[PDB]
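*Asks:* All letters in the first sequence, in the order written, are residues 137 to 364, 385 to 397, 410 to 494 by the entry's author numbering.
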Amino acid sequence: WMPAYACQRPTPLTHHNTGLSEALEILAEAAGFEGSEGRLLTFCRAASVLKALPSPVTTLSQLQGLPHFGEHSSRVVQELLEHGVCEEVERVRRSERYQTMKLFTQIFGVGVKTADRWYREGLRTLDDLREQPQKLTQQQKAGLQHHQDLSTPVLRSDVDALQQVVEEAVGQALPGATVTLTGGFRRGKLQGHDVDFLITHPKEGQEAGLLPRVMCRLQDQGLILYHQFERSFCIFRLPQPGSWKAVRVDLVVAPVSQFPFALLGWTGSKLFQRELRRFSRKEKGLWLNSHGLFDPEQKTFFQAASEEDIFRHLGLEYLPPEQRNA
DNA sequence: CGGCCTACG
DNA sequence: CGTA
DNA sequence: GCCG
Ligand SMILES: [Mg+2]
Ligand code: NA
Ligand code: NA
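1) Ligand 2 and residue 360: does any heavy atom of the ligand fall closer than 8 Å to the residue's C-beta?
2) Do you know offhand how far residue 467's Cα is from residue 265's?
3) Within the stretch 139-193, note down every full alpha helix (DSSP H) run reaching 4 residues or more, in order along the chain.
4) How many angstroms separate the CA atom of residue 335 from the CA atom of residue 196?
5) Please give me, in chain order, every unbroken run of the alpha helix (DSSP H) with length at least 4 that falls completely inside the stretch 217-249.
6) Once the 5 residues before and after residue 448 are set aside, which same chain residues still bring their CB inside 8 Å of it?
7) If we require 4 or more residues per run, which alpha helix (DSSP H) segments fall completely within the stretch 419-474?
8) If I measure Cβ to Cβ from residue 223 and keep anything under 8 Å in the same chain, skipping five residues before and after, which residues do I get?
9) For residue 459, tell me which candidate among 451, 251 and 434 has the shortest Cα-Cα distance.
10) Measure how close the beta-carbons of residue 387 and residue 350 come, nearest whole angstrom, since I'm counting them as under 8 Å.
11) If I'm right that residue 478 touches residue 440 with Cβ under 8 Å, what's the distance once you round it to whole angstroms?
12) Could you tell me how far apart the beta carbons of residue 163 and residue 212 are, in whole angstroms, since I believe they sit closer than 8 Å?
13) Grouping DSSP H, G and I as helix and E and B as strand, with all else coil, what is residue 482?
14) What beta strand (DSSP E) runs, 3 residues minimum, are completely inside the stretch 249-333?
15) Any contact of the stretch 143-158 with the stretch 173-187, i.e. 3+ C-beta pairs under 8 Å?
16) Taking its Cβ as the centre, do 16 or more other Cβ atoms sit within 10 Å of residue 392, making it buried, or is it exposed?
17) Three or more C-beta pairs under 8 Å: does that hold for the stretch 338-354 against the stretch 297-312?
18) Can you grab the Cα-Cα spacing for the pair residue 238 / residue 364, in whole Å?
19) Please report the distance separating the alpha-carbon of residue 343 from that of residue 431.
20) Could you tell me whether any non-hydrogen atom of ligand 2 is closer than 8 Å to the CB of residue 415?
21) Quick test of your reading: residue 180 and residue 161, contact by CB under 8 Å. State the CB separation rounded to the nearest angstrom.
22) From residue 166 to residue 312, what distance separates their C-alpha atoms?
23) Flag residue 281 as yes when its Cβ comes closer than 8 Å to any non-hydrogen atom of ligand 2, and as no otherwise.
24) Whole angstroms is fine: what's the gap from residue 426's alpha carbon to residue 228's?
25) If I measure Cβ to Cβ from residue 159 and keep anything under 7 Å in the same chain, skipping five residues before and after, which residues do I get?
26) Give the DSSP bridge partners of residue 416, in chain order.
27) Could you compute how far the alpha carbon of residue 317 sits from the alpha carbon of residue 486?
28) Apart from the five residues just before and just after residue 422, which ones in its own chain have a Cβ nearer than 7 Å to its Cβ?
29) Exposed or buried, residue 282, counting other C-beta atoms within 10 Å across all chains shown (16 or more means buried)?
30) From which residue to which residue does the beta strand (DSSP E) around residue 346 run?
31) Once you ignore the five residues that flank residue 192 on each side, which residues in its own chain have a CB closer than 7 Å to its CB?
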């Protein structure tokens with residue numbers, strides 16, 4: 137009944153099993169912290185299956201036959217249903233290791249391997265890192281410097297303000313170039329922790345060299361706190397009433425021939441994308457990324473005019489962005 | 001048993 | 001490695 | 001951890 141890949145089923149933003157999915161996502165995150173990307177993936181997939189169900193799970197019976205539910209994920213749901221809490225999940229939550237790895241990996245520039253090294257070295261707090269600045273890359277120094285602002289939810293009003301200044305810079309850099317909001321806000325989220333924009337031009341090739349010109353124009357308006385091509389992972393100085413706040417912004421340039429692939433890629437969700445690329449390769453024999461869809465036997469790229477074209481070619485029912493919240 | 005998205009900076 |  |  138329930139399809140096995142997240143790209144085969146609609147997943148709305150608001151769903152009926154948040155308590156269960158959040159618990160499984162804690163186990164997925166913890167699996168990542170210990171270096172098991174396979175267990176992370178299963179727990180993420182199991183959580184995503186629950187987000188796609190039409191009703192609350194109230195009895196263990198309702199898991200029977202669901203993809204990515206085995207002994208472990210089922211036991212977690214069982215305990216939550218029976219007792220309101222899962223002992224394993226609570227143990228993880230309260231553990232010094234989980235809490236510190238979560239604290240460190242939330243920093244822009246810090247992933248699991250870096251965080252794990254710092255944990256093994258005895259570091260535990262943001263202050264501890266500030267005390268040892270030579271342990272930090274320039275990217276990490278920026279992530280730590282702006283950490284409080286970057287932990288503040290980005291709102292739609294912020295997105296609209298950012299879109300206007302990005303459109304202004306892009307128009308100054310290249311007449312006719314366009315700016316498309318992607319990421320979580322395109323999927324309908326009302327908040328986020330960053331903002332993603334996709335930039336192109338209707339005439340193939342005109343966009344060459346565009347992103348450095350856009351960055352210079354934003355920098356000269358004082359809008360850039362951190363950056364450093386066709387992808388830029390930035391921190392903007394966003395004006396506020410009487411002041412300013414740092415906001416994470418991703419800027420991406422694509423040639424228009426690639427625009428539907430880049431739009432599909434950068435719209436996410438992250439799990440949706442990896443499930444879609446897995447489906448493409450394992451079920452259809454085609455290789456998908458944010459540039460194209462490649463048939464490795466014919467050695468040809470699919471010409472797509474829209475996201476719908478990409479879904480149809482993969483034999484998938486089209487999902488609008490608001491249903492890609494896997 | 002081995003696979004688990006696939007790129008760019 | 002980091003980012004998505 | 002789950003699945004092909
Ligand atoms: Mg982003
Ligand atoms: Na991080
Ligand atoms: Na985003």
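Idealized CB from N, CA, C, for every residue including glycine.
*Replies:* Looking at the atomic coordinates:
1) no
2) 49 Å
3) 154-169 and 173-187
4) 47 Å
5) 223-230 and 232-241
6) 454, 455, 456, 461 and 482
7) 427-435 and 438-452
8) 215
9) 434
10) Contact flag wrong, Cβ pair sits at about 12 Å.
11) Between residue 440 and residue 478 the Cβ distance is about 13 Å, and since that is not below 8 Å, they are no contact.
12) 7 Å
13) coil
14) 314-317
15) yes
16) buried
17) yes
18) 25 Å
19) 16 Å
20) no
21) 7 Å
22) 46 Å
23) no
24) 42 Å
25) 212, 216, 222 and 225
26) 391
27) 20 Å
28) 334, 336 and 430
29) buried
30) Per DSSP, residue 346 belongs to no beta strand (DSSP E); it is in the alpha helix (DSSP H), 346-356.
31) 152 and 153
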